[PDB]
Amino acid sequence: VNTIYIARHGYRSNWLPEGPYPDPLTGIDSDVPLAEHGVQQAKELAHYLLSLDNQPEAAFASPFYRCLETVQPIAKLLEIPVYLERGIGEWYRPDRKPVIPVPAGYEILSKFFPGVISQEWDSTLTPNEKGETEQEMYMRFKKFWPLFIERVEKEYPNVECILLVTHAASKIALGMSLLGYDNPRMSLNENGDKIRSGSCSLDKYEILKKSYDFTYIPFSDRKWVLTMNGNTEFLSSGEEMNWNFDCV
């Protein structure tokens, strides 16, 4: 794998100004569906990814419903498999109320998204079901990356470009840990830039090349470069609901 795209799911139903708000179809607390506005964003994200020379060849999704609903049009249009990855699920802190949500598995989600999800992929790890402190959450992602890419490359040796569909904090923490920063709150550079994470925004990471255009490079020896930061130019909505750690 030499290219990684990371997207946030689309606009959430609970963000609309008034109820009634649809109940989670899975029965899981706060596992809400996309707003219609968010389904439109997901379709526009799909069409943008379709247009790329360097398209993802496989998608890994947080098993929260809103992430599956976002990846569905992407997978159908690009004709790529979708794998459930608990490792990139939402960040909940301990004592979050009323409960810490734990997302559903294949048995349940395959009913809502028929023909989309491949069962063969098991999760790389499972976030603490009692929640995670900020430090623990970032450690979750530092641990996740080498285990995850090692498995991807064993299972799908010919896949060079992948997509992850995830949540706001997880998207930023994934990117900051991939890039090797000490913590996810830091700025990227002296300009003060941060990874932007609007709904259906899209990040791209590429490896720094070690040869002129096979020599295996362990994941831990690869240097990644952020080459697209929270792009929403392909959305008719533009950027909505940007989140960063200043929001906590």
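To be clear, the structure that these remarks concern was listed above.
Reading the values: rules and limits
Residues numbered from 1 in each chain as written, not as in the entry; some residues may be left out. Heavy atoms only, no water. Pairing = 2+ DSSP bridges. Helix = DSSP H or I, 4+ residues; strand = E, 2+ residues; numbered from the N terminus. Axes fitted to C-alpha atoms, helices over the stretch in contact; angles between N-to-C directions. Contact = heavy atoms within 4.5 Å. Salt bridge = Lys/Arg side-chain N within 4 Å of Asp/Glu carboxyl O. Buried < 20%, exposed > 50% of the residue type's maximum accessible area, 1.4 Å probe, protein only. Core = buried A, V, L, I, M, F, W, Y, C linked by side-chain atoms within 4.5 Å. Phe/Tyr/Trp six-rings, centres within 6.5 Å; stacked < 30°, edge-to-face > 60°. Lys NZ or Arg CZ within 6 Å of the ring centre and 35° of its normal.

1. A closer look at the sheet that holds strand β1 (residues 3-8)
Two orientations exist for strands paired in a sheet by backbone hydrogen bonds: parallel and antiparallel.
Point 1. Strand order in this open sheet of six strands is β3-β2-β4-β1-β5-β6, and the pairing throughout is mixed. Looking along the sheet, the strands with just one partner apiece sit at the ends: β3 (82-84) and β6 (224-231). When the angles between neighbouring strand axes are averaged without regard to direction, this sheet yields 20 degrees.
Point 2. Judged from the five bridges that link them, β1 and strand β5 (residues 202-207) form a sheet pairing that is antiparallel. From the neighbouring strand, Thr3 faces β5, where its bridge partner is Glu206.
Point 3. Packed onto the sheet, helix α5 (residues 168-179) meets β1, β4 (161-166), β5 and β6 and runs at close to 155 degrees relative to β1.

2. Considerations on the environment of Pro81
Point 1. Tracing the chain through its elements places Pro81 in the loop between α2 (65-78) and β3.
Point 2. In contact with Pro81, not counting residues within four places along its chain, are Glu57, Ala58, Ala59 and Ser118.

3. So, the pattern of salt bridges
Point 1. Taken as a whole and assessed by the stated rule, the structure comprises 10 salt bridges.
Point 2. As a salt-bridge pair, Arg96 and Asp29 come within 2.9 Å of each other at their nearest N and O atoms. Taken together, the positions of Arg96 in the loop between β3 and α3 (106-112) and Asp29 in the loop between β1 and α1 (36-50) put the pair 67 residues apart, joining distant regions of the chain.
Point 3. Notably, a salt bridge pairs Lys204 with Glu206, separated by 3.4 Å at the nearest N-O pair.
Point 4. Looking at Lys204, the relative accessible area reads 14%, which means it is buried.
Point 5. Among the residues examined, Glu206 registers a relative accessible area of 25% and is labelled partly exposed.

4. Some remarks on the nonpolar core
Point 1. In terms of nonpolar packing, the biggest core is built from 37 residues, with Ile4, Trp145, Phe148, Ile162 and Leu164 touching the most fellow members.
Point 2. Looking at this core, the elements that each hand over two or more residues are β1, β2 (58-61), α4 (134-155), β4 and α5.
Point 3. Sequence-distant contacts of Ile162, defined by excluding residues within four places in its chain, comprise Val1, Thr3, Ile4, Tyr5, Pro56, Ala58, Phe60, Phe148, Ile149 and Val152.
Point 4. With 33 residues, the next largest nonpolar core counts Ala7, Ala42, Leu52 and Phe234 among its residues.

5. So, unusual backbone geometry
Point 1. Between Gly19 and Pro20 the backbone carries a cis peptide bond, its omega angle lying at 0 degrees.
Point 2. Mapped onto the fold, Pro20 is located in the loop between β1 and α1.
Point 3. Following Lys97, the chain continues into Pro98 via a peptide bond in cis, with omega recorded as 5 degrees.
Point 4. Although it is not a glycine, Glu79 adopts a positive phi angle of roughly 60 degrees.
Point 5. Checked against the element boundaries, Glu79 lands in the loop between α2 and β3.

6. Some details on the packing of aromatic side chains
Point 1. Scanning the model with the defined rule gives 19 aromatic pairs in all.
Point 2. Ring centres of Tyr65 and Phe113 lie 4.9 Å apart, and the angle between their planes is 55 degrees; on these two criteria the pair is classed as tilted. Highlighted residues: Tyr65 in helix α2 and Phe113 in the loop between α3 and α4, separated in sequence by 48 residues.
Point 3. Residue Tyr65 is classed as buried on the basis of its relative accessible area, which comes to 8%.
Point 4. Through pairs of rings, three or more aromatic residues link up here, namely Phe60, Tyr83, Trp121, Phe144, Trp145, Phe148, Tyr156, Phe219 and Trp224.
Point 5. Over the face of the ring belonging to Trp91 we find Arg93, whose NZ or CZ atom lies 4.4 Å from the ring centre.
Point 6. Just above the ring of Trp121 sits the side chain of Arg151; from NZ or CZ to the centre is 3.7 Å.

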